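Before any questions on how it binds or moves, here is one chain, the form deposited in one PDB entry, in structure tokens.
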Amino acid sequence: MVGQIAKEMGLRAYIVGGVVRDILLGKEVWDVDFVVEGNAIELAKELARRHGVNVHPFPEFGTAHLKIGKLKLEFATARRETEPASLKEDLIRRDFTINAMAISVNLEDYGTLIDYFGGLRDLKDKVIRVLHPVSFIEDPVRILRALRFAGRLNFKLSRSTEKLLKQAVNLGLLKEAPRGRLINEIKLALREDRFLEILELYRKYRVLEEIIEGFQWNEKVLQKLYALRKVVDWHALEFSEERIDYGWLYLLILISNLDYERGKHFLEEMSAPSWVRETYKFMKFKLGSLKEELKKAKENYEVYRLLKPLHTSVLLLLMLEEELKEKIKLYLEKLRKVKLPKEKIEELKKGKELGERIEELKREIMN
């Protein structure tokens, strides 16, 4: 309907940015970004009115958001900076060529891909490339972004882009960038499935040393990250109904050697979930004694008592130990599964003494 409305208003609208990329990569997304030559607000209002849905205008931003079905539509007026601006002037202000393309929703040329900067070629060559030499200097956050994309899509940085990125980091612009945008970019990164590869890129270009104060790389943490990858793969394979957010575990491994103060402060800035904070605080202190107790575990009910109250994350962190692995597994796919029939339970019931008795019966069954 957008093409028709644009025709009636004598305008030109374009699907723009990441949405295009994802499409060419065969990935379908529910968030669609439009750039309009002319007033975007009125186009959005008319689209919303014709579909009979609510509209959310932002006149100062010159953008409007509306939702149709599961589609989230964002309409933005073309602008030459973050006189009317051409679509090209709006595309050239973006980060990377693969993000810089556009698909025309205008009726005459409809479907046509618009690529000024050679983003389709870079998409075909698996290349991450900035539009201009000052790109990373303009928005240091992009330093992370590039890596993320390279991590996600298994692309590589251009020679020029790699040089410029390294130069940007060397200028210390990572410290000059707003803390919020960087932290948010990292939050975006840990949601990736290829997040470990991104972390590798982080290590290579040494961006973590700038963002997290006191943080340094070593081999133990790295190997712990890969072992964590193995465990995460296995758990997300067999136990997949029980899945949680995995990237946070990697993050905990990274800051594991950091001071509790800096760790707590970073997890504070990251706005981490409660179970992340709890798992961190448990890892920093009680995890050691817990492991030493698991070493002293003989009967299965002791393992039960020591494990069952814990969260999934703590167990996954416990699986990092070779000797404890098969034990944790045995607890998972065997030990904690059991039940009792009617008459028996009825005899067991004849307060908290019922619970204690049930515990006695369970430890009687196990051992």
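The term rigid core refers to the most C-alpha atoms you can superpose between the two forms while keeping them within 1.5 Å. Counting begins at 1, following the sequence as shown.
Here the subject shifts to the form deposited in another entry, a form of this protein not shown in this document.
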property: Of the candidates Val55, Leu335, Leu320, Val314, the only Cα that travels 2 Å or more between the shown form and the other one, given a rigid-core fit; result: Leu335
property: Exceeds or equals 2 Å, Cα of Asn300 between the shown form and the other one, core fit; result: yes
property: Core fit, then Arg262 C-alpha moves 2 Å or more between the shown form and the other one; result: yes
property: Sense of CA distance change between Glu209 and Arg262 in the other form, threshold 3 Å; result: farther
property: Cα-Cα trend for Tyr250 and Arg305, given that in the other form the distance shifts by 3 Å or more; result: closer
